[PDB]
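Only one structure is covered here, and it is reproduced in the block below.
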Amino acid sequence: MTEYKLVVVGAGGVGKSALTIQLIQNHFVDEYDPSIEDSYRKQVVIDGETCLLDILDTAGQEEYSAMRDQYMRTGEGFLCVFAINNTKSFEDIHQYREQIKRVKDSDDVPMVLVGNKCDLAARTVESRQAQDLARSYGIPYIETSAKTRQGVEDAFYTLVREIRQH
Ligand SMILES: Nc1nc2c(ncn2[C@@H]2O[C@H](COP(=O)(O)OP(=O)(O)NP(=O)(O)O)[C@@H](O)[C@H]2O)c(=O)[nH]1
Ligand SMILES: [Mg+2]
């Protein structure tokens, strides 16, 4: 099987853990609310290929993590997550992009822009605004809800496909 190192990044509270947990849960534990950053694994078939996804659920840029630079060096692809009801989180996307570019010294890193919490009516970031931002980075944009599961598998599998076509 092929192993992929994925890193989930974004501002505090956008749903980085919720997304990761929704993908990787085997549901033995009913509720799991991770308090700090951690690594998770998921085996899945994507376009006929058996993949092992190593998924790193990072803390926001706000919190200190000693290993952050090495997480980014190791990471092969990045989910850049914001929340559609949090303008600040959307504006923060630039910070996360620049951090990844600074560490990896590259303009062509596999990424997916993720607008999470799309189950919510109180939207402050229009899809067209995020599509515009994604198009300026030359990356896919996908809207997700970690509550409903909408788009969650698609976001991760799109990232794997970006890594592949790199
Ligand atoms: N309505 C809604 N709430 C969501 C969604 N995803 C996460 N949340 C909620 O938003 C809050 C933050 O979720 P969490 O997964 O902790 O986000 P985080 O980005 O990992 N936070 P941290 O940076 O502190 O680790 C929680 O109350 C969670 O239930 C979603 O898709 N929809
Ligand atoms: Mg978290």
Side-chain angles (χ1 to χ4, degrees), residues 1-68 70-86 88-90 92-93 96 99-100 109-123 125 127 130 134 139-166:
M1 67 182 175
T2 312
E3 192 173 7
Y4 293 91
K5 316 295 273 219
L6 315 181
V7 181
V8 182
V9 305
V14 298
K16 301 175 300 291
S17 303
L19 287 166
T20 302
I21 300 309
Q22 278 285 45
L23 186 89
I24 69 95
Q25 258 285 40
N26 56 38
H27 298 286
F28 191 76
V29 185
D30 292 352
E31 284 149 3
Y32 187 72
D33 290 22
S35 319
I36 70 162
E37 41 177 43
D38 222 332
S39 208
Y40 307 86
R41 302 186 111 164
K42 168 82 157 169
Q43 181 176 115
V44 62
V45 184
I46 303 167
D47 310 324
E49 173 187 61
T50 310
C51 308
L52 174 71
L53 314 183
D54 295 326
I55 305 155
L56 185 78
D57 168 32
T58 63
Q61 259 200 343
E62 12 274 43
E63 270 221 277
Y64 183 75
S65 171
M67 288 175 77
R68 197 182 290 278
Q70 286 322 305
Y71 289 158
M72 283 177 285
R73 298 290 299 186
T74 298
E76 300 178 77
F78 299 77
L79 278 201
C80 296
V81 187
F82 68 95
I84 62 90
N85 70 329
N86 182 351
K88 186 55 163 47
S89 77
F90 180 65
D92 280 355
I93 291 295
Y96 295 98
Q99 195 175 37
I100 298 162
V109 177
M111 315 185 191
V112 170
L113 186 63
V114 174
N116 191 46
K117 316 194 177 181
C118 76
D119 54 284
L120 297 175
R123 169 183 298 260
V125 184
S127 297
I139 70 179
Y141 175 59
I142 296 154
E143 291 195 356
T144 61
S145 170
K147 295 283 174 200
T148 73
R149 287 202 101 247
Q150 180 186 340
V152 174
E153 289 183 25
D154 191 27
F156 285 99
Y157 307 159
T158 297
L159 183 53
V160 172
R161 290 162 181 147
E162 292 292 296
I163 299 166
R164 273 188 202 155
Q165 52 90 267
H166 184 79

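Position 1 is the first residue of the sequence; numbering continues from there.
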In short, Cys51 meets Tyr4 closest at the heavy-atom pair SG-CE1, 3.7 Å
Would you say CG of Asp47 has more than 12 non-hydrogen atoms from neighbouring residues, nucleotides or ligands within 6.0 angstrom? yes
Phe156 and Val44: side chain to side chain contact (heavy atoms under 4.5 Å, CB included), yes or no, with the steps? CA-CA 11 Å; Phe156 285 99; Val44 62; over 6 Å; no
With the threshold set at 4.0 Å, does a side-chain nitrogen-carboxylate oxygen contact exist between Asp57 and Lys16? no
Rounded to the nearest 0.5 Å, what separates atom CE in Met72 from atom CD in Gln99? 4.0 Å
Taking the side chain as every heavy atom from C-beta outward, state whether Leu79 and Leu6 have any atom pair closer than 4.5 Å. no
So, taking the atom named OH in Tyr141 and the one named OG1 in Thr158, what distance separates them when rounded to the nearest 0.5 Å? 13.0 Å
Over all heavy atoms of both residues, which pair between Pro140 and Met111 is shortest? Give the atoms and the distance, please. CD-O, 3.6 Å
What one should report as the nearest heavy-atom pair of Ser65 and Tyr71 is OG-CE1, 3.6 Å
Is there side-chain contact between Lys5 and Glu3, with heavy atoms separated by less than 4.5 Å? yes
Considering all heavy atoms, the nearest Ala130-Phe82 contact: CB-CZ, 3.7 Å
Intermediate values then yes/no, side chain to side chain contact (heavy atoms under 4.5 Å, CB included), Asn116 and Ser89: CA-CA 10 Å; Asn116 191 46; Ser89 77; over 6 Å; no
Within 6.0 Å of CD in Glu63, more than 12 heavy atoms from elsewhere: no
Between the main-chain N or O of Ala146 and the side-chain N or O of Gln22, is there a donor-acceptor pair closer than 3.5 Å? yes
What's the separation between atom CD in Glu143 and atom CG in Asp154, rounded to the nearest 0.5 Å? 12.0 Å
Using the six-membered ring wherever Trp is involved, compare the ring planes of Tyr32 and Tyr40 and label them parallel, tilted or perpendicular (cut-offs 30° and 60°). perpendicular
Under-4.0 Å salt bridge between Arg161 and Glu49: no
Correct closest heavy-atom pair for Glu62 and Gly12 would be OE2-N, 3.0 Å
How about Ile100 and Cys80: do any of their side-chain heavy atoms sit closer than 4.5 Å? yes
Verify side chain to side chain contact (heavy atoms under 4.5 Å, CB included) between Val14 and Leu19, making sure each step is shown before the conclusion. CA-CA 9 Å; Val14 298; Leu19 287 166; over 6 Å; no
Nearest non-hydrogen partners of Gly151 and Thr144, listed with the distance: O-CG2, 3.4 Å
Can you tell me how far CZ of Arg149 sits from CG of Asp119, rounded to the nearest 0.5 angstrom? 14.0 Å
Within this structure, what is the CG-CG distance for the pair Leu120 and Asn86, rounded to the nearest 0.5 Å? 11.0 Å
Quick one: does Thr50's side chain get under 4.5 Å of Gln43's, heavy atoms only? yes
Starting from the C-alpha separation in whole Å, work towards a yes-or-no answer on side chain to side chain contact (heavy atoms under 4.5 Å, CB included) for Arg123 and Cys118. CA-CA 8 Å; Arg123 169 183 298 260; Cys118 76; 4.3 Å; yes
Note, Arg41 side chain near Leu52 side chain (heavy atom, < 4.5 Å): yes
Nearest 0.5 Å please: distance from the CE atom of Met67 over to the OG1 atom of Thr58. 13.0 Å
